[PDB]
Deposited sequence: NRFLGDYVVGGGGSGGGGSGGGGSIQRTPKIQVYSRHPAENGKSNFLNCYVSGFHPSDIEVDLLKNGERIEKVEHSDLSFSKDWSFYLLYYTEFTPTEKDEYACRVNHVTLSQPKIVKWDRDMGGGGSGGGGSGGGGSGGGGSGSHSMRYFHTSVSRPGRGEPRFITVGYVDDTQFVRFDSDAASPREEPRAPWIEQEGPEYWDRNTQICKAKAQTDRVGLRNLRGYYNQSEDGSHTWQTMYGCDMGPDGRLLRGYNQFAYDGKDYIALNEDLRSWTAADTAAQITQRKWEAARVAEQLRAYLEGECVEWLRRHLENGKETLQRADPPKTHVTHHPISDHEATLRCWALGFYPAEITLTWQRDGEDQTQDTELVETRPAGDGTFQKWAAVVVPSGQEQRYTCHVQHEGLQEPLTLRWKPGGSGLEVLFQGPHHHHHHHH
């Protein structure tokens, strides 16, 4: 149940990852993904390749962002691997100076939150407003401004069972939130000094954490302009934190009007209560836990040195700890990738560290995860 937030008021290089939803077997139907993450602003040209030819009929996920407001997308397509077929992802972004090509080298509590993105398009019509509602790491609604008939549209196998009353009120809010955000972007060109020739962003987020006690643990209501913190709701659910001078101008305006009062009522009330329902309706998937499947692979770059890689596959929830240790700890001199979404609700990740060939049996990787009952440890052993 969305909340009707009726109150008006950096550039990161993408991290392109091309991988396969499952280990690649020649001739076996497999999914190819191009998960670009950690980029900002939102605009990005992503296109999956196959032997230099662009692939059509690819599928991509709804725009979201992490805690630091950096965006991420999952471009994937159904394919079948072979020996000859080489696959690349052609990602282009403003930070890059030429399109980046990444070849598919085979060897390479709870919380309901509502992310919204409003990207102004000064000459391409009304602002591109896209909003997504999550539960823990799972997605369960979306509402795109540019859809044929903009409507709160389910994205989970347990949410579509809601009745019309659910979708009519949620749709009403989103079409109100879009018009609220649209006003915000117009005024932010005024607070700052910005020409009407550039496209900007206004990300907003809110939600309700809920510890095991079934009561609100910390409410969220944040805002970002152009990819940086703008104004946030403090844990007390009564004050505001302004991250810059312009955020102070608006911070007073939301203290006199006591907008936080409505947020607390929903955050402490309607927000958590529905989260409990979503957990009760979707208890099949949200409350699940799949332990990672772990395998360690070694490929040498020399006759006496090599890079050792520990793989974690098919686990949910996303949060996982995975790092390398010698004799049982290498926080530095280690390479660790962003957690990868497999596109089926599960995630993947790996970590690598260089090693001299000898005494590799001393090394080990340790896997800690919510779904894991006991700590884990493994080392390469052909």
- Note down, first to last, the deposited-sequence stretches for which the model contains no C-alpha atom. 10-24, 124-144, 365, 420-439
